[PDB]
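Right, one structure below, let's go through it.
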Amino acid sequence: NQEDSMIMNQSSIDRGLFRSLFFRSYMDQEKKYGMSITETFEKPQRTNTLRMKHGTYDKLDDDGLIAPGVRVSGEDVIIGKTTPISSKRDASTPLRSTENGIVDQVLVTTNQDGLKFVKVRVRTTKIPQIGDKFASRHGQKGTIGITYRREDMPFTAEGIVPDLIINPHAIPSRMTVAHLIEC
Amino acid sequence: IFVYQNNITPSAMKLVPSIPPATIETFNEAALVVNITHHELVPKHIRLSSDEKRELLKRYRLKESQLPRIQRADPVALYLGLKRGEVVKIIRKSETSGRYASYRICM
Amino acid sequence: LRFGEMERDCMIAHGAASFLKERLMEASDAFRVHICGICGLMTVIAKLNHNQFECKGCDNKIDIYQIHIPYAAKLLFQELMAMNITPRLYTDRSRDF
Amino acid sequence: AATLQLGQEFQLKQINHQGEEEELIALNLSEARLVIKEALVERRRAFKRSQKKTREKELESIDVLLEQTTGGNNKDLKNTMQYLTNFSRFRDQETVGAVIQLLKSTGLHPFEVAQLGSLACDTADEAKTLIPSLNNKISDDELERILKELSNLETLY
Amino acid sequence: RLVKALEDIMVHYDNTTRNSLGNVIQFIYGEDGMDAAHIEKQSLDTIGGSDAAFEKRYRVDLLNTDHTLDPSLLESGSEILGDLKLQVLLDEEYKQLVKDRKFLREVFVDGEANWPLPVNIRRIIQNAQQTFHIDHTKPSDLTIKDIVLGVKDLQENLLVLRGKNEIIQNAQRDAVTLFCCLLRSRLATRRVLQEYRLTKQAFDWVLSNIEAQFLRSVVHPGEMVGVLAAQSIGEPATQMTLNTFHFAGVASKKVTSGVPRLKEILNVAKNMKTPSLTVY
Amino acid sequence: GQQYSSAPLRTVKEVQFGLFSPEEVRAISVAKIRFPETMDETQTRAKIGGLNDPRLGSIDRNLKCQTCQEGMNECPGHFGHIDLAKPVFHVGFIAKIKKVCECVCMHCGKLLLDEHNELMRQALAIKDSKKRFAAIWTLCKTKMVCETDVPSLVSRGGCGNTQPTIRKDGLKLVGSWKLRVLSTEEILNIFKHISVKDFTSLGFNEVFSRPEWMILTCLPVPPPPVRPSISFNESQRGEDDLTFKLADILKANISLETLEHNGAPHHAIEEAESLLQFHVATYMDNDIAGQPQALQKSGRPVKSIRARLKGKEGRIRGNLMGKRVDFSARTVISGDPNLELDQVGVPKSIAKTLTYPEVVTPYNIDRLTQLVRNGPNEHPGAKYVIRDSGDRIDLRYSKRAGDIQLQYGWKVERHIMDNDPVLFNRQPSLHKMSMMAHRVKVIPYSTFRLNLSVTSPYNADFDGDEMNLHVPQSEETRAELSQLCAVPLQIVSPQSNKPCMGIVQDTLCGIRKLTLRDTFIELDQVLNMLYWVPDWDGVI
Amino acid sequence: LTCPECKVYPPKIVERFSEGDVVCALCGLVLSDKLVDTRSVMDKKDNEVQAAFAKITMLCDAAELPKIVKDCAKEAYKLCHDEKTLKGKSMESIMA
Amino acid sequence: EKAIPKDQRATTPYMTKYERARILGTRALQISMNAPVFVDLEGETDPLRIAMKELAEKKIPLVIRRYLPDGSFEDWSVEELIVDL
Amino acid sequence: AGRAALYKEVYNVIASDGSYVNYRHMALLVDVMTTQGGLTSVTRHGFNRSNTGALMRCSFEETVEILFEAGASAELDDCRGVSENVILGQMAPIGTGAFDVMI
Amino acid sequence: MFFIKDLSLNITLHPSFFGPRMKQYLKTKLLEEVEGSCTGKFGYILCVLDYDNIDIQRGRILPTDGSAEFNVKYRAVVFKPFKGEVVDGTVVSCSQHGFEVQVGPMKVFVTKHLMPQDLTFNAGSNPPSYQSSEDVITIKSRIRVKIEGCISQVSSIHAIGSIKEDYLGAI
RNA sequence: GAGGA
Ligand SMILES: [Mg+2]
Ligand SMILES: [Zn+2]
Ligand SMILES: [Zn+2]
Ligand SMILES: [Zn+2]
C-alpha cells in the first residue's frame, strides 16, 4: 500500500462498500436521409443481408429491440436496424465489446420530425476492484492495490478492523493535517 | 603589422590586399592594450605546420571540412594571424583528463 | 498505443536499433513498393505475377528495385510529388566520381 | 541495333571480375559449340572429381550425357546446341584459331569479326546486305578474300 | 530541442565523437574515453595538504635517517638502507609525484581533491586485503623495484586508443594523464608498505584488477552519446520545479537562473535579462 | 501477405530532391484529368474516366487498376496529371521567384551584376548555395540597368536596360520602373533564357531544379490513396478535402480555357486567371498570410497539403517520427513487494491477447503442439499457426484445432508467457531509464504490477498512473531487450554516475528501524525472516 | 474472395474486424490481413436546381416542414428538373 | 582499399555490448531456424540460451563488418574478440 | 574562451538547484554549440539550418519550407543520419546497427 | 548473339544450409539458377565457365531473416538478340499472320506484314506453311531470319523477325 | 465538451 494507495477490506466490500450502479444509454433512429433509403428496425436474417455483425442477434425481438431485463454482454446487438440497397444490409448497434449488463429500460418514440427513434439504457453494477481509484476529501488520490479478507487485516482489541489502510508516507510530504484532524 | 590608434580611412583599407604574397595586418591600438591570450579562459593555441596537418588529417581520416572550425576574424586567430586553411592545435586543461588537445581549422 | 518520438529517442539511447526498426515497420505499417532505378520514383508499374515492371517515363523495364518502407513514408513522398517536389530515392551511394 | 549500337553491358571495356579494363568479347557460331562442350568437359570433370571425394550425333548424344552432368532442365541450352550444329561450321579449334588470327589481322572490331565467323556467305555484297557493319571497313575485295578462305575452311563435319 | 540538436552524435570506433556527416565533435568522448556509468568520485591525495605533510606521506630515503622507512615492514628491509641502485628510483618517482602536485594544483585551481574518475582504487585495495587477510605483523615480501616497475608497466597497459603513431600515442598519453596521476598518488611505495602492506602476490592481483577494470570502463563504440547527453541535461531541468528565480532573499543578486536562464542560454540571446560583469 | 516479386530488394541510401519537369510530369501520368465529375458517370456509382481513376488506383476492392491492378492494398496508386491553361506560381517558391527576378536581366536574362565586379568575384567562389545566392541577391538587389559594357572599359552582352523594382502582392509581382503587374508567362520565358550555368552560379541545379520549374504549367494529380474517399454513410461517400480543392482548380482551369477560345473580354481573363492562381496557391497551402482562407462549404477551411505535414501530427512528427503500433497494452500500475526487481505482473487477460511468434524447431515442437492444442482461450495457448509461405490459421475456427501437425519452420503465435522480455515505458519519457525491459509474470487482476524500487526511474506513483508495455516480435529484438535494456543493467545511470534506483519509502523507513541498535529479534521470528530470503544458505 | 483450401463457391467467411482479418470460417485460414476501418455556379446546370433549392428551402422554413419533407421535395424536383411535359409552368407550380 | 590488413587493426580487441547483443540475437535467430549447432546442448532449448553457450566457448562463426567513419573497416571474428563484458 | 564560459554558465544553471550532472554531458553539448566557430544556438534558425540532412532538419521545425529549400537546391540527402533511417524504416547505423563479426 | 560474359550474382542462402559445406550448396544454386535462364539485360545465360575459380568472397547476414547474402562473381556465356541482325532458324508452330522461327534457344516470330507479298499463307496445308513465289516455307524449313525487334523484358526476351528483305526466307 | 495524472 505504499507510494500511494492502498489496501481495502475485501470482506467489507462484499458487505456492499463503495458499490455503485452504472447506466449507459444507446440512442438510435430510423433513416436520416434517402427518400427510399429508409432504415428499419427489425431482426435481420440471411435475406441477402450481407452485413451481419457476427455478434448475436438472438436476443432481440422482431422489432429489433431487446425487452428490458434481458442480460446482455460482449457485442450482442441491441438494436436491429437494416438499410435498403436501393438486398438490405445490416446497420445494427451492438453494445460495447468490453462491457455487459442488463437492459434496463427501452424507450421508443418518434423524433421531432416524425422519425421513429429509440433509446436504450443498460444497467451495470461496478464493484471496487484492484485498480479502481479513490480519494479522500483533501488531495490523496489513490487506487486499490490489494484486498484482504477480514481476518488478515489488523484488528484492534474491540474487534474493529479497518476497511482501508493508507500508508503514512503520504502525510508529511503533503502536510494534509486536515486529513488527520477530520479523522 | 600596422598599429593604428584611432581608425583607418576605408580607402586605405582598400589597399590592404595590395601586395601579394606578403600580407599586412591592422590592429587598433586599444585592442592591444591587454593581451587576451593571458586570460584564464584562453587555452594555449598552437599553429601547426602543413605536414603536421597532413599527418593529422590522415590519422583521423578526415577531410578538411570535418574539423571544428574557427572564424578567421576570431581574436586569437588574429593574434596568431592565421590564414584561411591553417589548422591550430588547442591544448586545454580538462577536468576529466587533465590535458586535452583539440584542433580547429581556420575557416 | 503510440510509440511517440520521445520513445524513439529513449530506444535510441539504448542503442536498440533492431527493435526500433521492428517497431516502426512490422509493428505498424511496413509497405513494399517498387522503384525506378533511373527516375528514382515510385512509378514502376509492377505488373506483378508477370514480372513486368516498365517504368515508362524513363521507359525502363529492367533496372528496377523493390524496397520496404513505412506506408506513411510512401504517402509522404506522394504528397511531396503532388506538391511538385521530387524525392528521388536511389539505392546506392551516388559515387560516380 | 545491328549497326554497332550496343548497350552499356556490351561496351568494349568488359571489366573482368578482377576489376580491370578488357576488350569486349563476343562469340559467333565458330566458337560457341566448341567452347560449350569444352566447358561441359570441365563440368563433368569436377562432377566425377568431387564425386570420388559426324558432328550431329557428337552434339546430341553428348548433350544428353552432359544433361546427366548438368541439371538437365536446360534443354533450351540443348536447343542452342542444335542451332549450333545446324549452323556452326568449324571444327579442329586450330582451324577457327587461324581464322581468328586472320580476323585480328583485319583490324576489325570484335563484333564484326564475330559477324564474319557466324555468317557463311559468298560475296562482299551478300555480307553488306546482311552486315551493314561490314560494307567498307576493309576493301570489299578483301571481304571476298576472307569469305573464300572460309569457304576453303567451310567443310561440313 | 536538445534531443534534436544532438540527435545523432555517436562514438565511432576511433573513440571520436562525430555527427552524422562525420564532422568531429570531440576527439575522444568526454575527453577521457571513459563511459559515464563507470565513474566515481575518488580523491587525489597529492594535491591537497601541507607540503610537509605530503612529503612525510610519500618521501622515502634509504640513506638519510628521517624519511627512512623502518625495515620491519619489508623482508629485505635491512640491507636496503644505504643502497643506491634503488635510492635513485625513489628519487625519480618522488620527483614524479611532486611534478604531479604542481600539475594538479594548476589544473584544479582551488584544490578540490575529489573528482569523479574511473576505477575505484580503494575498493580494490581492501578487496585485496581481505582476499589475503594480510596480517600486519609479518614483514612484506615485496621489494622496491617490483613496486615501482609494476606501476610503470601498469601505466603502459591502460590503453584507450590503439594506434601506432605518435599522434595517437600523444592522444593516449593525454587521455590517461589524470587517472595516472591518481594511480601514482595511491600506489606510492611508502604508502603501500606503510599502510596497505600488501604481499607481493596481493600486489600483483591488485595490478591485474586495476588494469582489467580500467579496460572494462571505456566507452563502447557505437554508443549514442548524443541523445544520452540531451536527456541527461533536459531531465534535471524538468526537476527544477521552483524554476524562475529564488533571489527574493537577496535582491543584490536578482540574477536569472533555472529554466528561464537556461532557455535564455540555449537560444543564444543578445539581450540577457541581467548582464553582469564580475571584476577581481 | 504481399506476393512474391522478382525485383531485387534493396535499401535506399540517397534521397535526391528536386523539382518536377512538366515534361516529366506528362511522362509519368497515366491519365489526363479533364472533368471534375468525380465518379458517378451521371448515374451508376461506378466511376468516370474523368477524375478519380481513369485507371489510376483501385478504390472499391476490385483489382482493376490500370493493368497493374494489384488488388487494392498493393497498388501504390499511380499518378495522373492536369494541364494548366495559363502558368501560375508555386506558392512555396514565390519569395524565391521575387528574389531571383531581382537578379537577372528582364530581357536578356543574364545576371544583373556580373562578373568582374570584385564582390561578385567573391560571391561566385563561396560555397553554401544558399549563402552564395544570399550574397548575390544582396548585390543585385540594387542594380537597375542591364549594364551594357564594363569598366577596365570592357564589353559584355549587357543589353543595357532599366529593370523595375519588383514587389509582391497577393500572389502577384508588381514592378515599377524609374506601375505594371508582372505577368507569369513573361517571367517563365525570362527564366527559360537564364543559362545552363548562372542559375547554378546562384544555386539551382541543371538536372533537377531549373528555375522555370518553379512555376507550374502541368499539374500532377495525386492518386486516390493520397485522398481516399470516406464512406461515412453507406450510400454516398464523402470525398476527401483535397478532391474538392482539385475540383475547384479544374473548374477554374476549364473556365479559363473557355474564356480564351470563346472570345476574350480582355479583362475577365485576369479575373479568372487570378482565381486559378489563388486556387492552386491555397491548395498547396491554405495558410497564406494576408489572405482569405479557402473555405469548404462548412466554414472549416480546406486542409491543404502543406497543413497535412505541418509539425506536431503532420505526416512527419505524427506518422513517421512516431506512430501507433501493434502488440502493446496499457493499464494502471500497482506496486508490489513480491515481484523481482525486473519482473512485471502482466494481468492474465492481457497475456491472453498479446502474442509472440515462435518458430517450430525440434527443441520445442512437442511443447508448441501442446500449446496449439490448448487453443486461444485457456491461457498457455496460442492463437495462430503460420505455416510457411505465410498463411496464418486462426485457431478459433479450426474444428480440427488439436489435429494439425506443426512443420519445422512454421510459426506459432503463443500467448505471452513468463520471462518473455517485454518493454515498459511511462510517458513522458525523458530517460533511457523510462523504458526498460522486464520479465513477465502472469497474474490475475488487471493492473500491471511491478516492483517498488523501479518507481523512481519511471518516475511513477500508483495514484492512477498507467504505463504501456511493448512485446518484441522476433528473436534478436528480444535478445536486444534482454541484453541492453533489461532493468538491472540500468541500475547505475550514466546521467550522474550514481545508481538511479534504491530502496524506497516503506522499506526505507522500516530498514532503519529494524537496524537500530535497540532492536532485537526473538528466535521464531528470526527463523521466519531467514526463510524469507530466497538465497539463505540454510545456516542459522 | 474464396478459400483456396475449403473451396465452397458461396464462401462461408467471417470478418474478425476486431483483429482486422477475414477468415474462412470453415478451415480457419485468414484471407485478408489489414482491415481498413472507416467508421469516422453557371458552369453546372445546378444553377436553376439551386435556385429551386433556395426557394424550396425558404418555403420549407415558412411551412415549418420537416427536413425529410424538404429532402423529398428537393429529390422530386431533381427527378423532373427538366421535361417537355413540364414545359416551363412558371417554376413555381413545380415547386408547389 | 577498402578493407584493412589483419594487422594494423587499431580498434579495440574487446567486444562491445552492442556487438554482443546483436551477435546473440543473430545466432539465436539462426538456431531457431534449424541452423546447425556447434556445441552439445544439455537440454538447452531456448535459442538465446544456446547462443549464449556457443559464444561462451567461442563457436560462432558470424558475419557483419566494422566501420571507421571514412568507410573503411576492419574484420574481427568472435574468436579474436575478448568477451570481457 | 567563449566555449569555456558557456560551459561555466550551463554548469552554474544546473548546479544551482543543487542537482548534479556528469561533466561529459555538458561538455558535449557545449562543444556542439561551438564547432562552427561561432555560438550556434539550438533554435530552428540556429543549428537546424546547418547543412545536415534535409529530412533530419525537416522533422524539427518548419518542415515544409525546409523541404522546399531542399527541393529547390536539388539537395542530396544521404540517409546516413538517424532520422532519415527512421523515416525509411531501415536499421539506423546505431548501437546494434553499426558493426562486425564477419564469418 | 553469343558473348562470353562475367556476371555477378547475389545469392541468398537460408540459414539451415550453414554447414561446413556451404559452398557446395552455393555453387549448386548458382548453376541451378543461372545456366539457361533469361534476362532482360544479358539474354539467355547459356553456360558458365571456370566452375572452380568463382569469386564467392563473403556473406552478409540480413538484419532479419538471418539468411546470409552472398555476392558471387562468375564468368559465363550468354545469347542476346539485337535489332537488324541476321540469323538462321526453324519454325515451331504456325500463325495466321506469320510463323514463329525457333532461332536456337529462343523462338523468333515473323509477322504477316513482315514477309514479302508473294509469301502467302496457306491455312489448308498441314502444317499450315507460308508459300512464296519460289519457296514454300514449312515448320522444319531453314529460314534466314533477320531480327527486327527485341523485347528487353526481364526474364523474357521476344524477338521480331522478318523475311521481307533479300537473302531471307529459306537459307 | 469531457477530461485522469
Ligand atoms: Mg501519479
Ligand atoms: Zn523511372
Ligand atoms: Zn539583358
Ligand atoms: Zn477454408
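Note on naming: chains are A, B, ... as they come in the C-alpha cells, residues start from 1 per chain, ligands start from 1 in the order shown.
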
Taking only C-alpha atoms (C1' of nucleotides) and all ligand atoms and a cut-off of 9 Å, can you tell me which residues surround ligand 4, written as a PDB file with C-alpha atoms, in the first residue's frame?
```pdb
ATOM      1  CA  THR G   2     -12.532 -17.542 -51.770  1.00  0.00           C
ATOM      2  CA  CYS G   3     -10.841 -20.083 -49.544  1.00  0.00           C
ATOM      3  CA  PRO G   4      -8.197 -21.910 -51.567  1.00  0.00           C
ATOM      4  CA  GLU G   5      -8.353 -24.754 -49.111  1.00  0.00           C
ATOM      5  CA  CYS G   6     -12.017 -25.206 -48.277  1.00  0.00           C
ATOM      6  CA  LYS G   7     -13.329 -24.081 -51.665  1.00  0.00           C
ATOM      7  CA  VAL G   8     -17.051 -23.652 -51.304  1.00  0.00           C
ATOM      8  CA  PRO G  11     -17.706 -18.798 -49.169  1.00  0.00           C
ATOM      9  CA  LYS G  12     -18.823 -19.037 -45.552  1.00  0.00           C
ATOM     10  CA  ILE G  13     -16.418 -16.433 -44.224  1.00  0.00           C
ATOM     11  CA  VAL G  23     -11.280 -15.787 -42.158  1.00  0.00           C
ATOM     12  CA  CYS G  24     -12.559 -18.904 -43.869  1.00  0.00           C
ATOM     13  CA  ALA G  25     -14.929 -19.834 -41.080  1.00  0.00           C
ATOM     14  CA  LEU G  26     -14.656 -23.379 -42.352  1.00  0.00           C
ATOM     15  CA  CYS G  27     -10.939 -24.042 -42.447  1.00  0.00           C
ATOM     16  CA  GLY G  28      -9.776 -21.107 -40.394  1.00  0.00           C
ATOM     17  CA  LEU G  29      -7.420 -19.652 -42.953  1.00  0.00           C
ATOM     18  CA  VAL G  30      -7.174 -15.891 -42.894  1.00  0.00           C
TER      19      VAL G  30
END
```

Ligand 2 neighbours within 9 Å using only C-alpha atoms (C1' of nucleotides) and all ligand atoms, as a VMD selection string: (chain C and resid 35 to 44 54 to 60 64) or (chain F and resid 28)

Export N, CA and C atoms of the chosen residues as an mmCIF file, in the first residue's frame?
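Final file, selection.cif:
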```cif
data_model
loop_
_atom_site.group_PDB
_atom_site.id
_atom_site.type_symbol
_atom_site.label_atom_id
_atom_site.label_comp_id
_atom_site.auth_asym_id
_atom_site.auth_seq_id
_atom_site.Cartn_x
_atom_site.Cartn_y
_atom_site.Cartn_z
ATOM 1 N N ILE C 35 10.594 0.653 -57.450
ATOM 2 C CA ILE C 35 11.314 1.896 -57.630
ATOM 3 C C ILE C 35 12.042 1.874 -58.962
ATOM 4 N N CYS C 36 11.978 2.973 -59.707
ATOM 5 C CA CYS C 36 12.746 3.038 -60.943
ATOM 6 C C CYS C 36 14.196 3.305 -60.625
ATOM 7 N N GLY C 37 15.072 2.464 -61.144
ATOM 8 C CA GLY C 37 16.465 2.725 -60.920
ATOM 9 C C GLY C 37 16.975 3.977 -61.576
ATOM 10 N N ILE C 38 16.251 4.530 -62.536
ATOM 11 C CA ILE C 38 16.657 5.749 -63.215
ATOM 12 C C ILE C 38 15.923 6.935 -62.659
ATOM 13 N N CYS C 39 14.614 6.981 -62.866
ATOM 14 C CA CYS C 39 13.867 8.154 -62.470
ATOM 15 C C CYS C 39 13.908 8.326 -60.974
ATOM 16 N N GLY C 40 14.083 7.233 -60.246
ATOM 17 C CA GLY C 40 14.175 7.306 -58.812
ATOM 18 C C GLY C 40 12.870 7.577 -58.125
ATOM 19 N N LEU C 41 11.763 7.256 -58.755
ATOM 20 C CA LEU C 41 10.453 7.497 -58.201
ATOM 21 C C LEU C 41 9.685 6.198 -58.155
ATOM 22 N N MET C 42 8.508 6.254 -57.555
ATOM 23 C CA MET C 42 7.730 5.066 -57.284
ATOM 24 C C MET C 42 6.876 4.661 -58.440
ATOM 25 N N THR C 43 7.238 5.055 -59.640
ATOM 26 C CA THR C 43 6.291 4.948 -60.721
ATOM 27 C C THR C 43 6.240 3.575 -61.339
ATOM 28 N N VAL C 44 7.052 2.645 -60.876
ATOM 29 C CA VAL C 44 7.117 1.364 -61.542
ATOM 30 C C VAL C 44 5.742 0.757 -61.601
ATOM 31 N N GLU C 54 8.459 -1.936 -66.060
ATOM 32 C CA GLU C 54 8.180 -0.917 -67.057
ATOM 33 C C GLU C 54 7.877 0.444 -66.430
ATOM 34 N N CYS C 55 8.881 1.042 -65.824
ATOM 35 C CA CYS C 55 8.721 2.460 -65.541
ATOM 36 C C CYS C 55 8.817 3.176 -66.863
ATOM 37 N N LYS C 56 7.693 3.380 -67.528
ATOM 38 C CA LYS C 56 7.753 4.298 -68.638
ATOM 39 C C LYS C 56 7.909 5.698 -68.076
ATOM 40 N N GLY C 57 8.197 6.650 -68.932
ATOM 41 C CA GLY C 57 8.614 7.924 -68.382
ATOM 42 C C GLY C 57 10.095 7.938 -68.251
ATOM 43 N N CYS C 58 10.672 6.829 -67.840
ATOM 44 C CA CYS C 58 12.054 6.530 -68.153
ATOM 45 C C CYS C 58 12.150 5.414 -69.162
ATOM 46 N N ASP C 59 11.028 4.795 -69.479
ATOM 47 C CA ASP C 59 10.978 3.644 -70.356
ATOM 48 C C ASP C 59 11.889 2.528 -69.888
ATOM 49 N N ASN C 60 12.200 2.479 -68.609
ATOM 50 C CA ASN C 60 12.949 1.344 -68.125
ATOM 51 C C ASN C 60 12.044 0.138 -68.048
ATOM 52 N N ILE C 64 15.212 -2.054 -61.944
ATOM 53 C CA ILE C 64 14.094 -1.754 -61.068
ATOM 54 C C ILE C 64 14.280 -2.464 -59.744
ATOM 55 N N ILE F 28 5.073 10.832 -66.748
ATOM 56 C CA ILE F 28 4.715 9.935 -65.671
ATOM 57 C C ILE F 28 3.248 9.603 -65.719
#
```

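Near ligand 1, at distances of 9 Å or less and with only C-alpha atoms (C1' of nucleotides) and all ligand atoms counted, sit the residues residues 4 and 141 of chain A; 459, 460, 461, 462, 463, 464, 465 and 466 of chain F; 5 of chain K.
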
With N, CA, C and O atoms (P, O5', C5', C4', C3', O3' and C1' of nucleotides) retained, could you export that selection as a PDB file, in the first residue's frame?
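again-v6.pdb was written with the following content:
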```pdb
ATOM      1  N   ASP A   4       1.550   6.094  -3.234  1.00  0.00           N
ATOM      2  CA  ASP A   4       0.178   5.890  -2.810  1.00  0.00           C
ATOM      3  C   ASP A   4      -0.506   4.626  -3.252  1.00  0.00           C
ATOM      4  O   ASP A   4       0.098   3.588  -3.495  1.00  0.00           O
ATOM      5  N   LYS A 141      -5.388  11.383  -4.009  1.00  0.00           N
ATOM      6  CA  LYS A 141      -5.820  10.382  -4.958  1.00  0.00           C
ATOM      7  C   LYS A 141      -5.226   9.065  -4.523  1.00  0.00           C
ATOM      8  O   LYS A 141      -4.216   9.024  -3.833  1.00  0.00           O
TER       9      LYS A 141
ATOM     10  N   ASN F 459       9.648   7.272 -12.627  1.00  0.00           N
ATOM     11  CA  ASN F 459       9.044   8.438 -12.037  1.00  0.00           C
ATOM     12  C   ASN F 459       7.543   8.291 -12.004  1.00  0.00           C
ATOM     13  O   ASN F 459       6.795   9.144 -12.459  1.00  0.00           O
ATOM     14  N   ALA F 460       7.104   7.169 -11.498  1.00  0.00           N
ATOM     15  CA  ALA F 460       5.698   6.883 -11.433  1.00  0.00           C
ATOM     16  C   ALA F 460       5.308   6.700  -9.991  1.00  0.00           C
ATOM     17  O   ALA F 460       6.131   6.399  -9.138  1.00  0.00           O
ATOM     18  N   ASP F 461       4.039   6.915  -9.735  1.00  0.00           N
ATOM     19  CA  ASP F 461       3.470   6.579  -8.458  1.00  0.00           C
ATOM     20  C   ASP F 461       2.175   5.892  -8.767  1.00  0.00           C
ATOM     21  O   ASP F 461       1.630   6.057  -9.847  1.00  0.00           O
ATOM     22  N   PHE F 462       1.694   5.103  -7.837  1.00  0.00           N
ATOM     23  CA  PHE F 462       0.487   4.384  -8.165  1.00  0.00           C
ATOM     24  C   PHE F 462      -0.739   5.156  -7.756  1.00  0.00           C
ATOM     25  O   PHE F 462      -1.636   4.616  -7.151  1.00  0.00           O
ATOM     26  N   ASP F 463      -0.809   6.427  -8.111  1.00  0.00           N
ATOM     27  CA  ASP F 463      -2.021   7.190  -7.881  1.00  0.00           C
ATOM     28  C   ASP F 463      -2.872   7.195  -9.115  1.00  0.00           C
ATOM     29  O   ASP F 463      -3.456   8.204  -9.458  1.00  0.00           O
ATOM     30  N   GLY F 464      -2.909   6.090  -9.831  1.00  0.00           N
ATOM     31  CA  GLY F 464      -3.650   6.020 -11.061  1.00  0.00           C
ATOM     32  C   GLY F 464      -2.843   6.131 -12.328  1.00  0.00           C
ATOM     33  O   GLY F 464      -3.433   6.225 -13.401  1.00  0.00           O
ATOM     34  N   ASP F 465      -1.524   6.128 -12.242  1.00  0.00           N
ATOM     35  CA  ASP F 465      -0.709   6.208 -13.434  1.00  0.00           C
ATOM     36  C   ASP F 465      -0.895   4.966 -14.270  1.00  0.00           C
ATOM     37  O   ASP F 465      -1.327   3.931 -13.788  1.00  0.00           O
ATOM     38  N   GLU F 466      -0.595   5.087 -15.546  1.00  0.00           N
ATOM     39  CA  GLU F 466      -0.634   3.954 -16.445  1.00  0.00           C
ATOM     40  C   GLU F 466       0.643   3.909 -17.249  1.00  0.00           C
ATOM     41  O   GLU F 466       1.263   4.931 -17.493  1.00  0.00           O
TER      42      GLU F 466
ATOM     43  P     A K   5      -6.183  11.486 -10.420  1.00  0.00           P
ATOM     44  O5'   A K   5      -4.815  11.571 -11.205  1.00  0.00           O
ATOM     45  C5'   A K   5      -4.091  10.373 -11.494  1.00  0.00           C
ATOM     46  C4'   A K   5      -2.843  10.732 -12.246  1.00  0.00           C
ATOM     47  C3'   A K   5      -1.954  11.787 -11.621  1.00  0.00           C
ATOM     48  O3'   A K   5      -0.976  11.160 -10.812  1.00  0.00           O
ATOM     49  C1'   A K   5      -2.318  12.257 -13.941  1.00  0.00           C
TER      50        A K   5
END
```

Within 10 Å of chain B: residues of chain E, using only C-alpha atoms, as a PyMOL selection string: chain E and resi 14+16+18-19+21-28+30-34+103-104+106-108+115-118+163-168+170-171+173-181

All residues 12 Å or closer to residue 106 (chain D), only C-alpha atoms (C1' of nucleotides), same chain fewer than 5 positions away omitted, as number ranges by chain: D: 99-101, 112-113, 116, 134, 137-139, 142-143, 145-146

Nearby residues (only C-alpha atoms (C1' of nucleotides)) at most 9 Å from region 56-73 of chain J, same-chain spacing under 5 positions excluded, as an MDAnalysis selection string: (chainID C and resid 18) or (chainID D and resid 17) or (chainID F and resid 474 476) or (chainID H and resid 26:27 29:30 33 62:65) or (chainID I and resid 91 97 102:103) or (chainID J and resid 6:16 18 23 26 30)

May I have the residues from that selection written out with C-alpha atoms, as a CSV table (one decimal), in the first residue's frame?
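Output saved as part23.csv:
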```csv
chain,number,residue,atom,x,y,z
C,18,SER,CA,16.8,-3.5,-34.4
D,17,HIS,CA,35.9,-9.8,-62.3
F,474,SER,CA,11.4,-11.6,-33.1
F,476,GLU,CA,17.0,-10.6,-32.0
H,26,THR,CA,21.6,-13.2,-34.8
H,27,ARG,CA,22.9,-16.5,-33.6
H,29,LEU,CA,17.7,-16.3,-34.8
H,30,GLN,CA,19.6,-18.8,-36.8
H,33,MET,CA,15.7,-21.6,-38.0
H,62,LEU,CA,29.5,-14.9,-37.8
H,63,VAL,CA,29.3,-12.1,-40.5
H,64,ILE,CA,29.0,-8.4,-40.1
H,65,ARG,CA,31.7,-5.8,-40.6
I,91,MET,CA,18.1,-0.1,-39.4
I,97,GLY,CA,23.4,-1.4,-36.1
I,102,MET,CA,32.4,-11.5,-40.3
I,103,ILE,CA,32.3,-15.3,-41.0
J,6,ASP,CA,31.5,-12.1,-66.4
J,7,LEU,CA,28.4,-11.8,-64.3
J,8,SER,CA,27.9,-11.0,-60.6
J,9,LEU,CA,25.1,-12.6,-58.7
J,10,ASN,CA,23.8,-12.1,-55.2
J,11,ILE,CA,22.5,-15.4,-53.7
J,12,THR,CA,20.6,-15.7,-50.5
J,13,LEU,CA,21.5,-18.8,-48.5
J,14,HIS,CA,18.9,-19.8,-46.0
J,15,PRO,CA,20.4,-20.5,-42.5
J,16,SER,CA,19.7,-24.2,-42.5
J,18,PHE,CA,25.1,-23.3,-42.8
J,23,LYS,CA,30.0,-23.6,-50.8
J,26,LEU,CA,26.3,-22.3,-53.1
J,30,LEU,CA,24.4,-20.9,-58.9
```

Within-8 Å residues of ligand 3, basis only C-alpha atoms (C1' of nucleotides) and all ligand atoms, as a ChimeraX atom specification: /F:104-112,146-147,157-161

Kindly export the residues of the current selection with C-alpha atoms, as a short mmCIF file (atom, residue, chain, number, x, y, z; two decimals), in the first residue's frame.
```cif
data_model
loop_
_atom_site.label_atom_id
_atom_site.label_comp_id
_atom_site.auth_asym_id
_atom_site.auth_seq_id
_atom_site.Cartn_x
_atom_site.Cartn_y
_atom_site.Cartn_z
CA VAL F 104 18.63 38.93 -63.77
CA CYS F 105 18.04 40.91 -66.93
CA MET F 106 14.37 41.33 -67.54
CA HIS F 107 15.07 40.81 -71.23
CA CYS F 108 18.40 39.17 -71.81
CA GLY F 109 18.06 37.18 -68.63
CA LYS F 110 21.73 37.47 -67.80
CA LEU F 111 22.64 38.33 -64.24
CA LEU F 112 22.45 42.00 -63.43
CA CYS F 146 21.30 45.81 -67.74
CA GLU F 147 24.88 47.14 -67.83
CA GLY F 157 26.49 41.05 -73.58
CA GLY F 158 24.65 43.56 -71.44
CA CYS F 159 21.58 44.64 -73.36
CA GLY F 160 21.63 47.71 -71.13
CA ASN F 161 18.09 48.28 -69.99
#
```

Selection near region 74-77 of chain D, 8 Å with only C-alpha atoms (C1' of nucleotides), sequence-local residues under 6 positions removed, as a PyMOL selection string: (chain D and resi 67) or (chain J and resi 35-36+46+104-106)

Contacts between chain C and chain H, please, where a residue of chain H counts if it comes within 10 Å (with only C-alpha atoms); show its shortest atom pair and distance in Å to one decimal, rows by chain and ascending number, as a tab-separated table.
```
residue	atom	partner	partner_atom	distance
H:17	CA	C:15	CA	9.9
H:18	CA	C:15	CA	7.5
H:21	CA	C:16	CA	9.1
H:22	CA	C:18	CA	8.5
H:25	CA	C:18	CA	9.7
```

9 Å contacts from chain J to chain C using only C-alpha atoms, as a PyMOL selection string: chain J and resi 39-41+63-64+152-155
